Amino acid sequence: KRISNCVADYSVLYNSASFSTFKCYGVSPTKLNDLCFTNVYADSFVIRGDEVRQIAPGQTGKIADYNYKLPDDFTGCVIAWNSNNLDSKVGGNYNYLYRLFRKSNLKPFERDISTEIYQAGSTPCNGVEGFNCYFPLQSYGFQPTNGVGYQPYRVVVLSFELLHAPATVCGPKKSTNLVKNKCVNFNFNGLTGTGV
Amino acid sequence: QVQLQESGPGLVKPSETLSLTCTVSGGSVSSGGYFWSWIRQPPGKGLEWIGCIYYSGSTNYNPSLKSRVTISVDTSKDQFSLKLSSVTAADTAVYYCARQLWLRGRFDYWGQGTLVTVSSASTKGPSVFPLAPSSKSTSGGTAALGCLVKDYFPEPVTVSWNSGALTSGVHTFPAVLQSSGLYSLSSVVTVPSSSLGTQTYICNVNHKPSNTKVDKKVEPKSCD
Amino acid sequence: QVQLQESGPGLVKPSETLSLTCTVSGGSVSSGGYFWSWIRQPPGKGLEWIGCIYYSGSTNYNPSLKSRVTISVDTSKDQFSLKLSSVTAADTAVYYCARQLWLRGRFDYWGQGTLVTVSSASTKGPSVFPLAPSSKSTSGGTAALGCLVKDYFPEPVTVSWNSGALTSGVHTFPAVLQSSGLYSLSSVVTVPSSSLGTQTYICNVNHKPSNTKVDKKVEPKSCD
Amino acid sequence: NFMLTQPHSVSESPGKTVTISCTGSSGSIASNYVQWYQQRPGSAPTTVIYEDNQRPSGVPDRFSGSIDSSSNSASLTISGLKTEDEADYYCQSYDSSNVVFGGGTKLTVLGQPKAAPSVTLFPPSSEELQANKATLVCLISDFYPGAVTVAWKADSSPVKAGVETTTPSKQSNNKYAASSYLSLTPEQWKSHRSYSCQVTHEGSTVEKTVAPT
Amino acid sequence: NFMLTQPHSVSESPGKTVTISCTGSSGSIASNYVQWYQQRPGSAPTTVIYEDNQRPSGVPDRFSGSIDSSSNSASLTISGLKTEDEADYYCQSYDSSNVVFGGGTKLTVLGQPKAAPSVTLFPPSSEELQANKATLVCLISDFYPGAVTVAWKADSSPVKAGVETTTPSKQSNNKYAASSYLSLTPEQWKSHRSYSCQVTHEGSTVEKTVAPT
């Protein structure tokens, strides 16, 4: 998701008092409303309760290094919460998919949708689940009767972009005092002019 | 900047309704979207979180202290107060009203801690005895003198020298239990031996529960 | 081998004295040089260690349960008993007596767990009422019949059909809190309607929390 | 002030390998012997390991325990999960003359018959009427899922006062069971022409009726 | 049921580096922010670090925090110990709408032991004698370490009862203060020719004697 030409208030996003976890690096959480950037990227995905610790800059595992890499210069903001009452149902239903097998590492902020069967040995299988040829897509373990470590958590990543553009998405003051008949400086979305 | 001041009765009666109010000077409660919380700390133990509040009706409480904490905010007086029910002897803790912005972050500003402890009932009349200095009572160029506070009940007693004029060298000792119930302590001040016969030293022992104020002059010992 | 069996009532009133004895068969208390320990387990919670004893006067107790556990050993009766003082509603746990094989080790043999319920009211006897089947009580080739347990205090109650001879189709429902203090449940059994008027259905309600063994026969409803 | 930290909920599919931990707070986990107990629901606990590496005679060899003293954690490895392994697991310590048990780990395994609830209604008995009491009992049994709502009716008016219902509980044949009780006065029982209990499950409504006869 | 496990006592020499741990039981440390607090004895606490990697304006650069989510222990690395650093350390978490603090690490003190025992004595006053009472007061001040032994002495046999000493207490100049009292009858005060209070501290003994004059 891309946020553009919209004013955003992050105070309502914090006063919900329902999120289980909140990790927000790069910028201090109390002073990100006044500071503004150009574009805000929202990446939403589901994950298990034991893999929420893997989502951090400088971690190694089986999900972060194969699905969504976190670089060292990660100024994103991670929000997740417990949604077991809606994302899971009885009957052993999961309705979500992950990737476990890959040939090598991938670049950060890259989406991998390849369904090719990962070959382990030197013998090709011609696209079947033969020996040394395992499908890289596996089933979840979501269940409403589990505990707290395997629950469905909806992780959203709110990253920021550093590039030359006027701040379309920002949290500034809505209206300062209005002064007339004196030589003042104003910024009315198109100029930096000093005059009466 | 801003500062926080607590008020309300420090001592607490058993099984009753506690009333501690924390006031804010130099800022506004409603402005800034600001949170308010209370934190207690027993002597010698760790900090314990009681609950947090918003300037609206939103609030949350510790499950160990659930259904016992009642905190309300009035914007007109710019303060917030906490009410505790069914207080026991294990609730003796130093209460801090906590100023914080981030609910998951830090308490950047801390108010001064008010001492809350179970109140006493029984009371006895105090007694004050002077401690006359002499040539054996000094070791070098400095001498020692004081007053003896013995056979009083209950705690505490406040001892001041020359109505608080003398503070340097004044040592107040904690009280200890006697052989039979009562308490005893002393308060002394170290002065040079040259000012023994030329300066008058008067101790002021105050016992608020017994409503007794005793002023005792300290003079060098007269041999008889 | 050896076996440990508990005895005593399954009920104790709050602020009273508990008296449970664990008897020993197939062994001797003094011989073997082993230890006796009492362990409790609340329903849905973990095991809690109460204390341990030797066949001499050596005792050790949980600091959370200190100054309330009194355990004594009588060699003549080949058993050992534990006495508990100032019991509360939070002491509802399943009590196990086990021979401690090694002091820091395992309890090799565990006795069967007796259920202890504590609640702060006077015990009330159950009121057993027959549940007469009829034409509206059957759906197809099978019918249903049972007995009603209402206004009893406290849990648990066990219901057996024909002195335990009927087990198939017997459904014992968990207790539910009534509008006024007491509990209520029922126990029903599904039976074909052919044997409704040819065989007698008798339910056996046991309420050792409030005594009163009651036998109630179940008969088809007679229109009046 | 020494306690054993144990995971509350552990789930694993059958045939795989799972590890159950037991972490000590203050004292080291190699200071005293640690004993694991596997207790069936409604049954006495039974010891499955001793001396942190030795299996007693009777338990299978899969109950293997390992000690990670650097992290102050006691580990119990389970291989080849089965149906009978579903039980509470507790770890034991001794500290200093004070036995301390663990928090408790329940082994969770990993077909379900879905059925309509059989509804039976029972009028108040004559013996209860002689005791100046009356009770209407509505029975809900052999149903799935365990989510049923009850609504008593007096001829046509719904009844809410004196209504007591039971949460669904699993039966022996994998189904669920429930009950509903309606406390009533003897005068109110004969005041209305008839009473009925409407048990609604999976949308379908099954209704029975009773009358004073 | 989420708590922060913190060591009780951590003691090292000044000028070195230390590590203070804060272990979470159920929830991971990376789930929520961890805040450390440094509090003088008898004052309001002050935040020493927050957001797990950045320092507030006012504290030195020596206060550094590190997070390793594998072991679920929040670490606070402090280097270059000084005199003012002696305090209790608490770590804070949030869990889920319930702020949970840490157990507490009282950072111990730390050159020369400032042993200057001011053993001053006073005879009972004449006003006390007129009240049929007598009390001998033994006073020690400006001594270190706070571990002294007192024993009232006199010619013949001073009374064993009425001996009442006080525990050492911190003074304003970082030293310790304590007292000792001897309840006595007026007749026994003149029964013996002299009374003497001795104090043993670090082997050395300072003795003064009183006399009825």
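For this coordinate set, the PDB header names cryo-EM as the determination method and states a resolution of 8.45 Å.

Draft legend 1. Examining the interface of chain A and chain E more closely. Counting from both sides, the interface comprises 10 residues of chain A and, opposite them, 11 residues of chain E. Overall, the association of chain A and chain E removes approximately 940 Å² of surface from exposure, summing both partners, and the carbon and sulfur fraction of that is 39%. Our enumeration of links across chain A and chain E arrives at 0 salt bridges. Counting the contacts that link chain A with chain E gives 6 residue pairs in polar contact.

Draft legend 2. Spotlight on the sheet that holds strand β17 (residues 201-206) of chain C. All names here are of chain C. Taken in spatial order, the 3 strands make up an open sheet running β13-β17-β18, and their pairing is antiparallel. Two strands lie at the open edges of the sheet, namely β13 (158-161) and β18 (214-218), each paired on one side alone. Shown here is a sheet whose adjacent strand axes are inclined to one another by a mean of 25 degrees, direction ignored. The pairing of β13 with β17 spans 4 bridges and is antiparallel. Bridging across to β17, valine 159 finds its partner in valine 205.

Draft legend 3. Up close: the packing of aromatic side chains. For the structure shown, the criterion picks out 49 aromatic pairs over all chains. A ring pair is formed by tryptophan 38 of chain B and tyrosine 95 of chain B, whose centres lie 6.4 Å apart and whose planes are at 55 degrees; its orientation type is tilted. Taken together, the positions of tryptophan 38 of chain B in strand β3 (residues 35-41) and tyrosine 95 of chain B in strand β8 (residues 94-100) put the pair 57 residues apart, joining distant regions of the chain. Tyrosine 95 of chain B sits in the buried class, given a relative accessible area of 1%. Relative to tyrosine 54 of chain C, the ring of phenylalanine 35 of chain C has its centre 5.0 Å away and its plane inclined at 40 degrees; by these criteria the two rings are tilted. You can see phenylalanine 35 of chain C sitting in strand β3 (residues 35-41) and its partner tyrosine 54 of chain C sitting in the loop between β4 (48-53) and β5 (59-61), a full 19 residues away along the chain. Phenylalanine 35 of chain C gets classed as buried once you look at its relative accessible area, which sits at 17%. Taken together, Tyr34, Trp36, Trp38, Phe80 and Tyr95 of chain B form an aromatic cluster joined through their ring pairs. Positioned above the aromatic ring of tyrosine 50 of chain D is the side chain of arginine 106 of chain C, whose terminal nitrogen or guanidinium carbon lies 3.8 Å from the ring centre.

Draft legend 4. Spatial organisation of the pairing of strand β5 (residues 46-49) of chain E. Residues and elements named next belong to chain E. Pairing of strand β4 (residues 35-39) with β5 involves 3 bridges; the strand directions are antiparallel. Residue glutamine 38 lies in a different strand from β5, and its bridge partner there is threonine 46. Following β4, the chain reverses through 6 residues before pairing antiparallel with β5; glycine 42 in that reversal takes a positive phi of roughly 70 degrees.

Draft legend 5. Summary view of the pattern of salt bridges. Counted under the stated rule, the structure contains 19 salt bridges over all chains. When the shortest N-O distance is used, the salt bridge between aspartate 61 of chain E and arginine 55 of chain E registers 3.1 Å. Accessibility expressed as a relative area gives 60% for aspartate 61 of chain E, which makes it exposed. Taking the relative accessible area as the measure of exposure, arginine 55 of chain E reaches 29% and is therefore partly exposed. Overlapping salt bridges, with partners in common, bring together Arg40, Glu48, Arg68 and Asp91 of chain B in one network.

Draft legend 6. Structural view of the state of the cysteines. The full count for this structure, using the stated rule, is 11 disulfides over all chains. What pairs with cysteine 147 of chain B in a disulfide is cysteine 203 of chain B, and their sulfur atoms sit 2.0 Å apart. Taking the sign of the torsion about the S-S bond as the criterion, the disulfide between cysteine 147 of chain B and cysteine 203 of chain B, at about -95 degrees, is left-handed. Here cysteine 203 of chain B lies in strand β17 (residues 201-207) and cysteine 147 of chain B lies in strand β12 (residues 142-152), a separation of 56 residues in the sequence. An identical accessibility class is assigned to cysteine 147 of chain B and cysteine 203 of chain B; each is buried. Between the sulfur atoms of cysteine 22 of chain C and its disulfide partner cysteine 97 of chain C the distance amounts to 2.0 Å. Residues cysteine 22 of chain C and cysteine 97 of chain C are joined through a disulfide that is right-handed, its torsion about the S-S bond being 55 degrees. Of the two residues, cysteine 22 of chain C is situated in strand β2 (residues 17-25) and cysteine 97 of chain C in strand β8 (residues 94-100); the sequence distance between them amounts to 75 residues.

Draft legend 7. Representation of the environment of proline 174 of chain C. Topologically, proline 174 of chain C is positioned in the loop between β14 (170-172) and β15 (176-177). Remark: the alpha-carbon pair of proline 174 of chain C and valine 69 of chain C, spanning 105 residues in sequence, is separated by 32 Å.

Draft legend 8. Summary view of the interface of chain C and chain D. Counting residues at the interface gives 50 residues for chain C, matched by 48 residues for chain D. Summing both partners gives a buried area of about 4000 Å² for chain C against chain D, and 59% of it is carried by carbon and sulfur. Looking at the side of chain C facing chain D, the largest losses of area belong to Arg104, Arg106 and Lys136 of chain C, adding up to 17% of the total buried there. With its nearest N and O atoms 2.4 Å apart, the salt bridge here joins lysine 216 of chain C to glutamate 127 of chain D. Inspection of the region where chain C meets chain D yields 15 residue pairs in polar contact. If you list the elements that add at least two residues to the side of chain C that touches chain D, you get β3, β5, β8, β9 (107-110), β11 (127-131), β12 (142-152), β15 and β16 (183-192) of chain C.

Draft legend 9. A look at the UniProt feature "disulfide bond" in chain A. In these coordinates the annotated UniProt disulfide of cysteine 36 of chain A and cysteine 170 of chain A is reproduced, with an SG-SG gap of 2.0 Å that lies under 2.5 Å. Taken as a pair, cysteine 36 of chain A in the loop between β2 (21-24) and β3 (40-47) and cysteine 170 of chain A in the loop between β9 (153-160) and β10 (184-186) lie far apart in primary sequence, 134 residues in all.

Draft legend 10. How the structure looks around the pairing of strand β7 (residues 73-79) of chain D. Residues and elements named next belong to chain D. Of all 7 residues in β7, 5 are buried, a share of seventy percent or more. As paired elements, strand β3 (residues 17-24) and β7 share 7 bridges and run antiparallel to each other. Residue pairing for β7: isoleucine 20 is matched across the bridge by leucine 76. Inspection of the sheet shows strand β6 (residues 64-68) paired to β7 by 5 bridges, in the antiparallel sense. Bridge pairing links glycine 65 to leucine 76 in β7. Hairpin remark: β6 followed by β7, antiparallel, with 4 residues in the connecting loop; positive phi at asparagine 72, about 55 degrees.

Draft legend 11. Looking closely at the sheet that holds strand β2 (residues 18-25) of chain B. Residues and elements named next belong to chain B. Strand order in the open sheet formed by 4 strands is β1-β2-β7-β6, and the pairing between neighbours is antiparallel. Each edge of the open sheet carries a strand with a single partner, namely β1 (3-7) and β6 (69-74). Strand-to-strand twist across the sheet, computed as the mean angle between neighbouring axes with direction ignored, equals 20 degrees. In this structure, β1 lies alongside β2, joined through 5 bridges in antiparallel fashion. Across the sheet, the residue bridging to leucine 4 is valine 24, located in β2.

Draft legend 12. Expanded view of the environment of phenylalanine 131 of chain A. All names here are of chain A. On the secondary structure map, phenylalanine 131 appears in the loop between β6 (118-119) and β7 (133-134). Expressed as a C-alpha distance, the spacing of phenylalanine 131 and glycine 121, which sit 10 residues apart in the sequence, is 8.3 Å. Excluding anything up to four places from it in sequence, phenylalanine 131 contacts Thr123 and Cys125.

Draft legend 13. A look at unusual backbone geometry. Residue and element names in this part refer to chain C. Here the residue pair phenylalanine 153 and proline 154 is connected by a cis peptide bond, since its omega of -15 degrees sits within 30 degrees of zero. Within the secondary structure, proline 154 sits in the loop between β12 and β13. With an omega of 0 degrees, the peptide bond between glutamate 155 and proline 156 qualifies as cis. Along the chain, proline 156 turns up in the loop between β12 and β13. In the Ramachandran plot, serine 163 falls in the positive-phi region, its phi being about 55 degrees despite a non-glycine side chain. Of note, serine 163 is situated in the loop between β13 and β14. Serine 163 gets classed as exposed once you look at its relative accessible area, which sits at 66%.

Draft legend 14. Highlighting the side chain of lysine 23 of chain A. Considering the arrangement of structural elements, one finds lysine 23 of chain A in strand β2. Buried and unpaired, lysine 23 of chain A has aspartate 52 of chain E as its nearest opposite-charge partner, separated by 10 Å. A polar contact is formed between the side chain of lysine 23 of chain A and the backbone oxygen of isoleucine 55 of chain A, at a distance of 3.1 Å.

Draft legend 15. Geometry of the nonpolar core. Residues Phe22 and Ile79 of chain A, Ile39, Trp49, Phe107 and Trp110 of chain B together with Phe101 of chain E are the most contacted members of the largest nonpolar core, which totals 33 residues. Residues contacting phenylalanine 101 of chain E, with those up to four places away along its chain left out, are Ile39, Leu47, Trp49 and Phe107 of chain B together with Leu4, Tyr37, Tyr90, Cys91 and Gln92 of chain E. Ranked by size, the runner-up nonpolar core spans 32 residues in total, among them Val128, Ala144, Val189 and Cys203 of chain C.

About the cut-offs
Residues numbered from 1 in each chain as written, not as in the entry; some residues may be left out. Chains lettered and ligands numbered in written order. Part of a larger assembly, values for the part shown. Heavy atoms only, no water. Residues with missing side-chain atoms left out of burial classes, pairs and counts. Contact = heavy atoms within 4.5 Å. Buried area = accessible area lost by both parts, 1.4 Å probe. Salt bridge = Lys/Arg side-chain N within 4 Å of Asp/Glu carboxyl O. Polar contact = N/O pair within 3.5 Å; in protein donor to acceptor, adjacent residues only side chain to side chain. Pairing = 2+ DSSP bridges. Helix = DSSP H or I, 4+ residues; strand = E, 2+ residues; numbered from the N terminus. Axes fitted to C-alpha atoms, helices over the stretch in contact; angles between N-to-C directions. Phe/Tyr/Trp six-rings, centres within 6.5 Å; stacked < 30°, edge-to-face > 60°. Buried < 20%, exposed > 50% of the residue type's maximum accessible area, 1.4 Å probe, protein only. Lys NZ or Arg CZ within 6 Å of the ring centre and 35° of its normal. Disulfide = S-S within 2.5 Å. UniProt positions renumbered as here; feature names shortened; annotations may be inferred. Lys, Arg positive; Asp, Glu negative; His and termini not counted. Core = buried A, V, L, I, M, F, W, Y, C linked by side-chain atoms within 4.5 Å.

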